[PDB]
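Starting off, we have a lone chain in the form deposited in one PDB entry, written out as structure tokens.
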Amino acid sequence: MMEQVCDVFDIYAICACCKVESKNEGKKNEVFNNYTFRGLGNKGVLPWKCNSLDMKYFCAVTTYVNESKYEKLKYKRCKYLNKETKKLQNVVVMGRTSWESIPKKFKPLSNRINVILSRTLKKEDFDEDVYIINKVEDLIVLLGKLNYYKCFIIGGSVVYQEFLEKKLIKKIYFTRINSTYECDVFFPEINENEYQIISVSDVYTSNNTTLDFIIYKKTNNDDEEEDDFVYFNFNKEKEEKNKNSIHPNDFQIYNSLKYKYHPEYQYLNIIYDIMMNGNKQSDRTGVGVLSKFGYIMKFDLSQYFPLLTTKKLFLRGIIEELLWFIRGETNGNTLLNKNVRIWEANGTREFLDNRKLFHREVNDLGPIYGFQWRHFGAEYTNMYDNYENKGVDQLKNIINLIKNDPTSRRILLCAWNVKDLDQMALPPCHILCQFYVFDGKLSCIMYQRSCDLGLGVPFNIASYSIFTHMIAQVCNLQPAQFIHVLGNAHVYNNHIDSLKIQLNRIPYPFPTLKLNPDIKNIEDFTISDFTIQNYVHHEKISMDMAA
């Protein structure tokens, strides 16, 4: 137990990194990893100018002290140095160039002991209440003589590089700023053997970018109230049924994380839950599943666009499918001719005849979503008919209610037409959307009866999130929450091995969705009115790994 210097003196690094203009040239087949986030500085300032939320984070972490924990720290440091026996503050250590780019208004940093590394400048060159050191050794000496809680290295690139190479960083509080800026200085490549990610925060939006916060940890290389807890768990299981058939040593990364606050973990945990506690069942398909019943996921669309990052999704298909719904189309050829094959297997001669739809033309999918959204209750004829002002246009009705009766508890769009189910290639998986309006903000609940977690759910989160934006925009509202309720939630046995890979990937900060803001009517959107920005993602996974 030859105690480490960074452990005795609680020396941490905190930084913010953006993505870099591109030294590889263009983004077609873009590879991503931790090192995508490495931009620290440009021309002596920040690459992004201002990030209000990162600065709030920076201030809270570097200012926070827990006075009741100091005693254990003082003792520990005393022993290490061989030693005996008014507001506690953290130390912040910065390079001279970093000190100089802090605005005057903010220097020295409030409620913190400020330490500047310089050779060119000495105490006489500073007016301010700061300690000047001319080498790293002088920090260890200084920390031996101060009362302080923790010590934060706050940059810049030269200072980070020398604290990391000297093995003096216990943890890295790392902000991922999910946008690209011109940068002339970079955080050092973090060695994956020296440091592991132990925590990932929620995703936020600030100054027109998404960001999250992650923590890297240096790799190894009253009392009767806790008794009451134990008592109330007397009737628990020694084992989970498929725990012995899905070995959690296959989830080394997923289980190594302490805080899993990134909203992608809502999806990934449900997979975990189904893998460990799911019911082995047959299904319509013959494939066989693990299943569970009843889950709820919430995504904050004001803060991010929840496109899964732990594998590659493409949105052109599901944006085209959604536009096809809104037009009220049931013609499978329209999608096929845009090279969207979502519905191809469900429109075949064989699939239709197995549904007893012997009088249905190939790719005529019958009165599915689009027909129900624009014409609920009309008699379906064929995919070419003009159902002009036939049946209930519930899409137009919900837009009307959101504009004119926003507190209505009756703003629902329902695809589950009980009369029409046997005429549909497939009864709807997405039963209903309900809308909620508070203070100029639109939330949406979608109830999904049947949830393919490997293949379907990722696309479905994106569809209904995109659809919430479209409806919010034409009603003059801001999008708030997309809330996804899972009925029969299943993992197909043929997805297990690929979902196991996916679960050991750490999510990236989400992207953002921009809509052309001239679109004033739900019918007026086309594919080029939609931009996904700053999609950072792990490699595409084939769910079916057959060959």
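Note that the rigid core is defined as the largest set of C-alphas that superpose within 1.5 Å between two forms. Position 1 is the first residue in the sequence shown; the rest follow in order.
Separately, the form deposited in another entry exists; it is not shown, and the next lines address it.
- In the core-aligned comparison between this form and the one not shown, the C-alpha of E128 is the only one from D184, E192, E189, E128 that shifts by 2 Å or more.
- Comparing the forms between this form and the one not shown, the C-alpha position of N29 differs by 2 angstroms or more, with the core used for superposition.
- Annotation for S110: C-alpha shift under 2 angstroms between this form and the one not shown, rigid core superposed.
- With the core held fixed, the Cα of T285 is displaced between this form and the one not shown by 2 Å or more.
- Panel note: the distance between the CA atoms of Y148 and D127 is smaller in that other deposited form than in this form, the difference being 3 Å or more.
- Relative to the shown form, the Cα atoms of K28 and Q533 move together by 3 Å or more in that other deposited form.
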